[PDB]
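Side chains included, hydrogens not; waters and symmetry mates left out as well; all remaining heavy atoms used. Here is the naming used below: chain letters follow the sequence lines, and residue numbers restart at 1 for every chain.
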Amino acid sequence: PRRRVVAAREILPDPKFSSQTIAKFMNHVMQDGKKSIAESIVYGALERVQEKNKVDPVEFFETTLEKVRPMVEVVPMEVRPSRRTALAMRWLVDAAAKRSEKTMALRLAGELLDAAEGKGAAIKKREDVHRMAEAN
Amino acid sequence: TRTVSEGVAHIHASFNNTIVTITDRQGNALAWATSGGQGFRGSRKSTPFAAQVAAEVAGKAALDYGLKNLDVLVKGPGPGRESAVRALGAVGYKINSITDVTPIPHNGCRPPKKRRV
Amino acid sequence: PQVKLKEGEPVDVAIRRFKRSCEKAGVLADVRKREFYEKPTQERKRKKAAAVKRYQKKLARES
RNA sequence: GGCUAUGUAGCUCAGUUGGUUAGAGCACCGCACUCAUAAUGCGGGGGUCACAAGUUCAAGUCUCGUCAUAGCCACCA
RNA sequence: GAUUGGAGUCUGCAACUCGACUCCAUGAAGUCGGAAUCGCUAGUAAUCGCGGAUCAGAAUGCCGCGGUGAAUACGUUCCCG
RNA sequence: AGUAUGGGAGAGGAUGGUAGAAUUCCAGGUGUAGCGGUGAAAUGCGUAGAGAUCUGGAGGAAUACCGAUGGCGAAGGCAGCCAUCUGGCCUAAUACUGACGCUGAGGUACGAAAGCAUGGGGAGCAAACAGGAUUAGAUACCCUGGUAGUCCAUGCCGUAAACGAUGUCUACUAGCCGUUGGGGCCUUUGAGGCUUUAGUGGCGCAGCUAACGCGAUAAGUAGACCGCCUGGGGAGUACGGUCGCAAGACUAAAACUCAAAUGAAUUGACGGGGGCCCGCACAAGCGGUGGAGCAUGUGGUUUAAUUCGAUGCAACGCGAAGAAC
Ligand SMILES: NCCC[C@H](N)CC(=O)NCCC[C@H](N)CC(=O)NCCC[C@H](N)CC(=O)N[C@@H]1[C@H](O)[C@@H](OC(N)=O)[C@@H](CO)O[C@H]1NC1=N[C@@H]2C(=O)NC[C@@H](O)[C@H]2N1
């Protein structure tokens with residue numbers, strides 16, 4: 001903004017797990033103000049992964065997001081820590097949509113479960129990113 | 001086929017194009033690549049990136065002849081000299097010396113007329 | 001130039017010592033001057049302006 | 001008579017012996033860029049790959065013939 | 001949910017050219033949009049409904065109202081004024 | 001004003017020789033698909049092998065660094081190094097001649113570049129010219145080539161913003177700071193500090209000037225001699241004459257026509273002049289338009305009429321907050 005430097009907005013943690021990562025992921029998922037639908041999708045995915053494997057949803061989500069998290073983007077450039085999480089959530093969102101489960105919550109839970117062990121489309125996207133990165 | 005260990009790198013950099021020639025000592029050529037060969041047609045010849053690509057290609061081609069340490073000489077103005085010499089080192093060569101050998105007249109022939117653009 | 005390179009000198013640092021060597025030498029300035037012919041009138045005007053600038057710089061740095 | 005080589009959009013050059021699964025450049029018309037213009041960028045239209053048959057799972061692309069054209073040569077009722 | 005066939009309601013002296021709405025039938029293009037180009041820095045953008053002026057009848061326009069409710073700003077090279 | 005004798009600096013001039021770098025061409029070695037050029041391209045060069053790189057030859061022209069608000073010359077001009085011939089200048093002290101001086105109408109000598117004549121030379125560059133681009137057109141600016149010329153010898157031509165836009169000579173009138181070539185003095189061991197003189201520069205008191213500015217290198221204060229000017233055009237033109245191979249140069253009018261043409265400085269405006277900053281201006285994001293169907297406005301076309309206005313941003317769901325009569 002030429003002269004003024006603007007502070008970054010602070011968002012509230014999600015009411016259930018008090019996790020700003022979960023809150024920001026929900027914000028990325030949400031479209032046109034339907035936070036209720038976004039909450040349904042995200043909480044359904046977390047419940048699904050929890051019943052599949054008895055592991056704390058917050059820890060599982062953060063470990064998977066760290067796995068998907070890119071140190072560089074896409075023509076290589078450098079990125080800051082905030083962009084890392086932003087792009088990780090961005091790429092994680094799409095692959096769940098292209099999956100084939102009947103509900104978005106199930107689709108996203110399956111995508112997280114597949115990305116945690118490395119056979120995920122988001123993982124393939126990150127692979128494209130870094131095999132593009134070594135070009136320069 | 002022939003094996004040489006020491007080599008010379010000639011960089012011909014201009015405002016229009018960059019030519020990288022790998023020779024053995026005594027000046028016999030071994031490999032050569034230019035920015036024109038690797039696409040970059042027309043105005044794109046003069047960018048440092050094209051010179052870097054050409055230098056990488058020439059170094060890789062000379063690696064088949066199998067020499068590990070080379071001496072580079074830079075002749076001419078324009079972009080791509082520094083990028084080209086960096087690319088030669090980044091290929092895995094050991095550079096022994098680096099010097100400028102662009103010719104300078106002692107007030108010899110008359111240059112062309114100044115462009116009125 | 002003849003920038004010979006030591007055992008511990010990296011490639012990039014060697015190239016950097018090189019551009020300093022060549023910038024101190026100032027060969028590229030001669031290359032720039034050589035490319036087009038300059039009339040004696042223009043050369044004399046350029047040297048006159050350079051002398052005036054040098055004297056102004058001397059006066060400014062003295063006081 | 002013999003031996004060769006060609007014929008692809010409105011105008012031109014490719015595509016040339018198998019799965020050619022005919023494109024490239026200029027003409028246009030429309031769109032974009034511009035204060036107004038170009039150049040340039042985009043899109044659309046504009047042939048049905050000389051014709052007729054043969055083999056074949058593949059034919060503008062190959063084999064047979066029939067055209068038009070070009071080059072050299074041969075012609076004592 | 002365009003277009004068309006059939007049957008109706010209301011305003012109005014009068015709905016052919018040329019009204020709005022209802023019912024049955026029909027069920028087009030469209031599967032996310034080239035070059036390029038526009039708005040927006042927080043209760044904002046996005047999305048959801050509600051009201052009014054004009055007005056017999058005739059808003060997807062205009063002027064207002066609230067509900068849900070984000071993402072991103074390293075910086076001034078480049079484009080515009 | 002001039003002469004003799006010692007010493008000093010210098011791209012001053014003429015002749016001959018010679019050295020190194022670079023460009024171009026030629027032959028050869030290595031080697032393989034481009035090179036060159038531009039805003040982007042194309043003309044052009046290259047598979048009978050270019051460009052690049054290395055070695056060796058041929059020839060012409062010019063002298064990097066030193067290099068300087070430095071130096072020399074009447075001006076024009078003069079730059080590698082060496083030798084030969086040669087002009088001027090600076091500097092010290094004596095000695096000598098004794099006004100022998102200054103300027104200068106006519107005259108005469110020299111005089112950048114281009115151009116001309118005869119004979120040579122020709123690398124690079126490059127009027128004319130050819131082709132490729134750009135453009136509405138391009139005859140030009142840009143690109144690829146290229147002849148005269150640029151170079152040498154012997155002559156001619158006699159013109160330049162040939163400028164300091166400032167004729168030559170002489171004397172006098174505050175100061176401060178540089179620099180080049182000399183003379184003198186002082187410190188004290190070797191490098192500095194004071195002066196003086198001849199050049200070359202920057203400021204600046206007085207004075208001068210319309211102002212800008214000049215200001216001991218005067219455009220100040222005075223003297224000697226010469227050249228030149230008398231509104232702007234017509235016009236440095238015509239006729240005559242002199243010179244020239246020619247191109248042309250020099251001397252040099254009138255008729256006619258206008259009421260202006262000019263110089264310096266002031267305010268504003270403008271600039272395809274500069275510097276500085278801001279803005280959802282660009283970046284980072286989210287969602288749209290341009291594609292589809294429909295609504296609405298406009299252009300165009302059509303019609304008897306399709307009523308009239310609004311036209312880049314700042315007209316086009318605009319006047320119209322509402323055309324069946
Ligand atoms: N005893 C014999 C000694 C002989 C020797 N000759 C010594 C001598 O006697 N000298 C006398 C001084 C007279 C001087 N020639 C007149 C003058 O100087 N300008 C002429 C008047 C024009 C105007 N009124 C003032 C003007 O515009 N000025 C500009 C200005 O300051 C500046 O320009 C820009 N753009 O800011 C500067 C930068 O270029 O240029 C100046 N212009 C110039 N500077 C040059 C210079 O001094 N000379 C040669 C020429 O080039 C000169 N023009």
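With its glycosidic angle more than 90° from 0, E:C24 is assigned anti. In this structure D:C76 sits in the syn conformation; its chi angle is within 90° of 0. A syn base is found at D:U16: its glycosidic angle is within 90° of 0. Syn is the conformation of D:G15, whose glycosidic angle sits no further than 90° from 0.
In this structure, D:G30 forms a base pair with D:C42, meeting either the Watson-Crick or the G-U wobble geometry with both donor-acceptor distances under 3.5 Å. Applying the Watson-Crick and G-U wobble criteria (two distances, each under 3.5 Å), F:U298 pairs with nothing in any strand. Pairing for F:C96 is with F:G2, a Watson-Crick or G-U wobble pair whose two hydrogen-bonding atom distances lie under 3.5 Å.
Here F:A62 and F:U63 show stacked bases; the six-membered rings are centred less than 5.5 angstrom apart and their planes meet at under 30°. Remark: F:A48 and F:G49 are not stacked on each other (six-membered ring centres under 5.5 Å, interplanar angle under 30° not both met).
Between F:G309 and F:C318 there is a base pair of the Watson-Crick or G-U wobble kind, both donor-acceptor distances falling below 3.5 Å. For F:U301 with D:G65, the Watson-Crick or G-U wobble criterion does not hold with each of the two distances under 3.5 Å. Nucleotide F:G80 is annotated as paired to F:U18 [Watson-Crick or G-U wobble, both distances under 3.5 Å].
Along RNA chain E, the nucleotide nearest to A:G33 and the one nearest to A:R90 differ in position, and the one closer to the 5' end is contacted by A:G33. Nearest-nucleotide assignment on RNA chain E puts the 5′-proximal partner with A:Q31, out of A:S36 and A:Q31.
If you check the side chains of C:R34 and B:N107, you find a donor sitting under 3.5 Å from an acceptor.
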What pairs of nitrogen or oxygen atoms, one from the protein and one from nucleotides 17-21 of chain F, lie under 3.5 Å apart?
| residue | atom | partner | partner atom | Å |
| --- | --- | --- | --- | --- |
| F:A21 | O2' | B:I104 | O | 2.6 |
| F:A21 | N3 | B:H106 | N | 3.2 |

Might you list the N or O atoms of the protein lying below 3.5 Å from N or O atoms in nucleotides 76-79 of chain E, with each pair's distance?
| residue | atom | partner | partner atom | Å |
| --- | --- | --- | --- | --- |
| E:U76 | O4 | A:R2 | N | 3.1 |

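At E:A70, one or more side-chain N or O atoms of A:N27 fall inside 4.0 Å of OP1 or OP2 (strictly under the cut-off). The side chain of A:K34 contributes no N or O atom lying less than 4.0 Å from OP1 or OP2 of E:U47. Not one side-chain nitrogen or oxygen of A:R4 sits closer than 4.0 Å to the OP1 or OP2 atom of F:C277. Within the 4.0 Å cut-off from OP1 or OP2 of F:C35, at least one side-chain nitrogen or oxygen of B:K45 is found.
Looking at C:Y55, its side chain has no donor and acceptor atom pair within 3.5 Å of the base of F:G178. At a cut-off of 3.5 angstrom, counting only N and O atoms as typed in the model, there is no donor on one side facing an acceptor on the other between the side-chain of A:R9 and the base of E:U41.
The distance from atom NZ of C:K57 to atom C1' of F:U69 is 16 Å, rounded to the nearest whole Å. If you take NZ of A:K35 and P of E:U68, they are 12 Å apart, rounded to a whole angstrom.
Using cut-offs of 30° and 60° for the angle between ring planes, the A:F61 and A:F25 rings count as tilted.
The residue C:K53 sits apart from the nucleic acid: no heavy atom pair falls under 4.0 Å.
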Check: When every nucleotide of nucleotides 50-56 of chain F is labelled 5' to 3' by its protein contacts under 4.0 Å (heavy atoms), B for base, S for sugar-phosphate only, - for none, what sequence of letters results?
Finding: BBSBS--
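The separation of E:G39 from D:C26, taken at their P atoms, amounts to 36 Å, rounded to a whole angstrom. Going from the P atom of F:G297 to that of F:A321 covers 10 Å, rounded to whole Å.
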